[PDB]
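For reference, the structure discussed in these notes is given below.
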Amino acid sequence: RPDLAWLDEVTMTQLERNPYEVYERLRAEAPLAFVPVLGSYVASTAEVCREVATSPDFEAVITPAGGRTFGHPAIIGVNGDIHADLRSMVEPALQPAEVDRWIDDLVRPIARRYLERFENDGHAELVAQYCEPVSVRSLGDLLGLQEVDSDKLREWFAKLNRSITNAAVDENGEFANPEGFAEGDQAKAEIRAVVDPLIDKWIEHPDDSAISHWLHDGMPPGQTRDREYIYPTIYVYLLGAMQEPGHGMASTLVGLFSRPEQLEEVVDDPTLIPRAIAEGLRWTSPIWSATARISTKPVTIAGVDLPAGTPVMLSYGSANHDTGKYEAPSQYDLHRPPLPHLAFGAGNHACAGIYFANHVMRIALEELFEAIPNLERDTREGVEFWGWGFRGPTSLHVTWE
Ligand code: HEM
Ligand SMILES: COc1ccccc1O
């Protein structure tokens, strides 16, 4: 596309460091645009992302780097009967009525455990010391990975993150950094070494862990789903389900620190925490551009005539800064009117864990503000955000008296 010649000079590193300037141009110039370094069309506005995610002429497709990492059948990349089975498999523990039965006794003692390690120090780095551990310990226990240390769960989602966002392609459309997939392969090998013995045991002795239920639920007597059939969805969980609640917590905190009067409001009135989190997810979406859809017939989107079989990356983190929807979207504002947002996606492949994720984040922040009401940002240490596919702060240094 001639007027988008400048996109030829956009780099993967630029998008990872801060994608918002490029995507501000894309939203104005070309809401659906082919980005050469990504080797794909990209949807940048709320209207186009929603249309693609919900269209009857599109279905799920995994990104190239996602496919190289997760294989088949990753719940995010399949459709039809297989997708319906995988959704039936994961949905029971995520049902709102079910989550409300046990989410408090799950998350609150975990939040207290990690808080007790530092709440009297007067300083902490909240990403590593609190947000990520609460996120991975809660979900890890739900899955049946109680014996997998939070440090290890966090290392796995970091490696899987970098692997499935290893999207850069060269002039010929081949991956520019094929060696970047090796650490994804290494994480999967380690995951297998840990989880294979657990699956062995769950096949013979089912329990209330989620992975045990993935093996057994809905199956004929004495049968389980083959481990190869569920492993890619295990990997999906060990990346985003482990990573995103902690990132959403942390981005919410960074935004509140950027509006000190709003931080004070929420500490004083913790019933405002759900609204603070919803704005945090819009303001810096944890899953920023990690999923995609593929057209199943010729379709015209945003004035582009796409052939059948065209992938489109859904850059939801950009759509959540759509100035057709939001005033001054790069500013965190607790008091923004509650509007629809796309941080959980849309359509048949929208996030299955929204209700759970929202409560994990709410409980973590409630406990944090109860334990340390006088939290302040360490204004010497600046907050760097990183990531194009998944985005969040790399650290969050705070102090308190
Ligand atoms: C704040 C935290 C989270 C955010 C922002 C988030 C966001 C998203 C997004 C954007 C997608 C892709 C939707 C699309 O392509 O349209 C997704 C998919 C998914 N998420 Fe969440 N997620 C979060 C936490 C979780 C958790 C904790 C779980 C599990 C307990 C989970 C389970 C899933 C599943 C299973 C899918 C695949 C859905 C499908 O393809 O059918 N998510 N999520
Ligand atoms: C819930 O985990 C994911 C969601 C979207 C893309 C990759 C993931 O691991």
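Naming works like this for the structure tokens: A, B, ... for the chains as they're shown, residue 1 at the start of each chain, ligands 1 onward in shown order.
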With only C-alpha atoms and all ligand atoms counted and 6 Å as the cut-off, give the residues of chain A in contact with ligand 1, each with its shortest interatomic distance in Å and the pair that gives it, as a tab-separated table.
residue	atom	partner	partner_atom_place_in_ligand_line	distance
A:53	CA	ligand 1	16 (O)	5.9
A:75	CA	ligand 1	40 (O)	5.0
A:76	CA	ligand 1	40 (O)	3.5
A:241	CA	ligand 1	26 (C)	3.8
A:244	CA	ligand 1	2 (C)	4.2
A:245	CA	ligand 1	2 (C)	4.0
A:248	CA	ligand 1	1 (C)	5.0
A:286	CA	ligand 1	5 (C)	5.0
A:287	CA	ligand 1	10 (C)	5.0
A:291	CA	ligand 1	15 (O)	4.8
A:343	CA	ligand 1	10 (C)	5.1
A:344	CA	ligand 1	7 (C)	4.0
A:345	CA	ligand 1	16 (O)	3.4
A:346	CA	ligand 1	16 (O)	4.5
A:349	CA	ligand 1	41 (O)	3.6
A:350	CA	ligand 1	13 (C)	3.9
A:351	CA	ligand 1	18 (C)	3.6
A:352	CA	ligand 1	33 (C)	4.6
A:353	CA	ligand 1	31 (C)	4.0
A:357	CA	ligand 1	27 (C)	4.5
List all protein, DNA and RNA residues that have at least one atom no more than 6 Å from any atom of ligand 2, counting only C-alpha atoms and all ligand atoms, and write them as an MDAnalysis selection string. chainID A and resid 236:237 239:241 290:291
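CA of residue 234 in chain A lies 9.4 Å from CA of residue 191 in chain A.
Here CA of residue 256 in chain A and CA of residue 335 in chain A stand 11.3 Å from one another.
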Spatial neighbours of residue 8 in chain A, max dist 9 Å, only C-alpha atoms, sep filter under 3 positions, as a PyMOL selection string: chain A and resi 4-5+11+35-37
At most 12 Å is the cut-off: for each residue in range 147-260 of chain A with any atom that close to an atom of range 364-373 of chain A, write down the nearest atom pair and the distance in Å rounded to one decimal, counting only C-alpha atoms, chain first then increasing number, as a Markdown table.
| residue | atom | partner | partner_atom | distance |
| --- | --- | --- | --- | --- |
| A:245 | CA | A:364 | CA | 9.5 |
| A:246 | CA | A:364 | CA | 9.1 |
| A:247 | CA | A:364 | CA | 11.9 |
| A:248 | CA | A:365 | CA | 10.6 |
| A:249 | CA | A:365 | CA | 7.1 |
| A:250 | CA | A:365 | CA | 9.4 |
| A:251 | CA | A:365 | CA | 11.6 |
| A:252 | CA | A:365 | CA | 9.3 |
| A:253 | CA | A:365 | CA | 8.5 |
| A:256 | CA | A:365 | CA | 11.5 |
Pick out each residue of range 275-378 of chain A that DSSP on the backbone tags as helix (DSSP H, G or I); I need them as an MDAnalysis selection string. chainID A and resid 275:283 316:319 347:349 354:371
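Non-sequential neighbours of range 217-222 of chain A (distance at most 9 Å, separation of 4 or more positions within a chain, only C-alpha atoms) are residues 88, 89, 203, 212 and 213 of chain A.
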Between CA of residue 283 in chain A and CA of residue 260 in chain A, distance in Å (one decimal): 16.2 Å
Using DSSP on the backbone, list every residue of range 214-373 of chain A that comes out as strand (DSSP E or B), and give them as a list in words. residues 287, 291, 292, 293, 294, 295, 299, 300, 301, 304, 305, 306, 311, 312, 313 and 314 of chain A
Expected file: the selected residues, N, CA and C atoms, as a PDB file, in the first residue's frame:
ATOM      1  N   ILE A 287      -3.089  -8.607  27.282  1.00  0.00           N
ATOM      2  CA  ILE A 287      -2.975  -9.288  25.993  1.00  0.00           C
ATOM      3  C   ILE A 287      -3.198  -8.197  24.953  1.00  0.00           C
ATOM      4  N   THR A 291      -3.509 -12.719  19.609  1.00  0.00           N
ATOM      5  CA  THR A 291      -4.390 -13.642  18.915  1.00  0.00           C
ATOM      6  C   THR A 291      -4.767 -13.063  17.559  1.00  0.00           C
ATOM      7  N   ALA A 292      -5.448 -13.892  16.780  1.00  0.00           N
ATOM      8  CA  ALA A 292      -5.718 -13.578  15.381  1.00  0.00           C
ATOM      9  C   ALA A 292      -6.952 -14.348  14.939  1.00  0.00           C
ATOM     10  N   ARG A 293      -7.500 -13.951  13.777  1.00  0.00           N
ATOM     11  CA  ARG A 293      -8.537 -14.714  13.097  1.00  0.00           C
ATOM     12  C   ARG A 293      -8.149 -14.828  11.626  1.00  0.00           C
ATOM     13  N   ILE A 294      -8.745 -15.787  10.928  1.00  0.00           N
ATOM     14  CA  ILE A 294      -8.472 -15.974   9.502  1.00  0.00           C
ATOM     15  C   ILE A 294      -9.794 -15.949   8.739  1.00  0.00           C
ATOM     16  N   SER A 295      -9.829 -15.242   7.608  1.00  0.00           N
ATOM     17  CA  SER A 295     -11.071 -15.208   6.841  1.00  0.00           C
ATOM     18  C   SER A 295     -11.351 -16.582   6.221  1.00  0.00           C
ATOM     19  N   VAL A 299     -13.834 -11.294   1.955  1.00  0.00           N
ATOM     20  CA  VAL A 299     -14.542 -10.331   2.785  1.00  0.00           C
ATOM     21  C   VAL A 299     -13.877  -8.973   2.619  1.00  0.00           C
ATOM     22  N   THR A 300     -14.665  -7.912   2.791  1.00  0.00           N
ATOM     23  CA  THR A 300     -14.169  -6.543   2.737  1.00  0.00           C
ATOM     24  C   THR A 300     -14.225  -5.978   4.147  1.00  0.00           C
ATOM     25  N   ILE A 301     -13.065  -5.634   4.691  1.00  0.00           N
ATOM     26  CA  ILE A 301     -12.944  -5.081   6.034  1.00  0.00           C
ATOM     27  C   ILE A 301     -12.215  -3.755   5.924  1.00  0.00           C
ATOM     28  N   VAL A 304     -10.587  -2.846   2.737  1.00  0.00           N
ATOM     29  CA  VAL A 304      -9.625  -3.786   2.176  1.00  0.00           C
ATOM     30  C   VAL A 304     -10.382  -5.030   1.744  1.00  0.00           C
ATOM     31  N   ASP A 305     -10.221  -5.420   0.487  1.00  0.00           N
ATOM     32  CA  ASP A 305     -10.826  -6.650  -0.007  1.00  0.00           C
ATOM     33  C   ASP A 305      -9.879  -7.797   0.318  1.00  0.00           C
ATOM     34  N   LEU A 306     -10.260  -8.632   1.287  1.00  0.00           N
ATOM     35  CA  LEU A 306      -9.394  -9.748   1.663  1.00  0.00           C
ATOM     36  C   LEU A 306      -9.812 -11.024   0.953  1.00  0.00           C
ATOM     37  N   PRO A 311      -5.070 -14.159   7.323  1.00  0.00           N
ATOM     38  CA  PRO A 311      -5.009 -13.927   8.768  1.00  0.00           C
ATOM     39  C   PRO A 311      -5.025 -12.447   9.090  1.00  0.00           C
ATOM     40  N   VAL A 312      -5.609 -12.130  10.250  1.00  0.00           N
ATOM     41  CA  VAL A 312      -5.647 -10.761  10.747  1.00  0.00           C
ATOM     42  C   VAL A 312      -5.318 -10.815  12.226  1.00  0.00           C
ATOM     43  N   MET A 313      -4.246 -10.136  12.624  1.00  0.00           N
ATOM     44  CA  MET A 313      -3.889 -10.046  14.031  1.00  0.00           C
ATOM     45  C   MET A 313      -4.793  -9.030  14.714  1.00  0.00           C
ATOM     46  N   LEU A 314      -5.267  -9.369  15.918  1.00  0.00           N
ATOM     47  CA  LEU A 314      -6.192  -8.511  16.661  1.00  0.00           C
ATOM     48  C   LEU A 314      -5.406  -7.742  17.712  1.00  0.00           C
TER      49      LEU A 314
END
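The residue that comes closest to residue 128 in chain A, out of A:396, A:175, A:149, A:43 and on the basis of only C-alpha atoms, is A:396.
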Between A:214, A:123, A:289, A:296, single out the one closest to residue 309 in chain A, counting only C-alpha atoms. A:296
